[PDB]
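A single chain, nothing else alongside it, follows as structure tokens in the form deposited in one PDB entry.
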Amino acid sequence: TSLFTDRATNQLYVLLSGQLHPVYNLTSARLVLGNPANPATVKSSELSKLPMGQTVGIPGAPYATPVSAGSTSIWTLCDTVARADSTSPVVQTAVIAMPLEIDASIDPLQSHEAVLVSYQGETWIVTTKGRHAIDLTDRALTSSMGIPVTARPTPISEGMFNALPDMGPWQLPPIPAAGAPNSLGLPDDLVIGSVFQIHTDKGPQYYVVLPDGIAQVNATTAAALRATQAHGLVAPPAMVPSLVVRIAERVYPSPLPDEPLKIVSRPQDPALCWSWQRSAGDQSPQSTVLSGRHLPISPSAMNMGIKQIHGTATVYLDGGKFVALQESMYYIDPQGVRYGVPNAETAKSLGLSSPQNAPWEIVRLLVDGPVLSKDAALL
């Protein structure tokens, strides 16, 4: 045995080379000894019975490295804004590494739901997939998808912004010779960029006039094109169906959804989350955007939130964790701070086994502690 605890001082001592050394923590001792040792309680007596050297180890290291994990690796990042009905709204970021309790009051965004969000002056709209760049001032766009003028975008965190994958602008695709006469044989009314309609089995189908033909557009896209430029058309003129059957049908790639979009009320649903989970059984991970009244955890789990020394998030753990990121390894202590574990042997010396896959998009947000290395724990 080369690891001792003075029953009075509770200070850890580790025999190396040939003499005793005071060591900061159990982590640093197992690092220098090379094995996940356990301390042997000794009275103050036998300490003095042998020479002493300088203090050794890592001060910023956790005392030990316990782990309480799945089964399943689940990591969820959430943004909560209080005073959402102000000027002046304040964002609270939370990192959750425990089982999630998802319900109707906090679940993934529906296809027809979206959250208006502002980051670094610009605004972004968040869907089920991720975020889209959207022109806040574009009233012809926003009123076309039925975005309320009362609807205020709410600040998002750097963490949540980086977590949410970009899905492209939003924003209409441009039309070159918009205003110029059409080269399709259509009436002079329908210059390119203009919209007409044809009544079908399902009622009106809308078409925008393009340089190389016509293109089916949804009502949201149709109402948008007219809103930005109506070309003197009060309403999309009715065209008899047979008149267009021999006009080349093209593709106008508008991101605007067929559905009217419910823009969630931040006072009602203050929680915006990016959840990540892998079953630890082959396959790929699954991620989605959550929206609702509160964090997707049990009410009593709120007592486990620890605000870091100087980090950006409040962490929620049901125990220490050991993970593998994009492949770099980090141990997470019960206080939610990450420590780099350089290699497998170093991990084995800590008694750490089997890293679970975790997303860097969330683990990054933890306070990065000192690297737990063999060379470091020697001083």
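Counting begins at 1, following the sequence as shown. Rigid core here is just the name for the largest C-alpha set that superposes within 1.5 Å across the two forms.
Only in words, not in the display: the form deposited in another entry, which the text now covers.
- Only one candidate in 158, 189, 166, 107 has its Cα displaced by 2 Å or more between this form and the one not shown after core superposition: 189.
- Once the cores line up, the CA of residue 292 ends up less than 2 angstroms apart between this form and the one not shown.
- After superposing the rigid core, the Cα of residue 252 is displaced by 2 Å or more between this form and the one not shown.
- Once both forms are overlaid on the rigid core, the distance between the two CA positions of residue 207 between this form and the one not shown is 2 angstroms or more.
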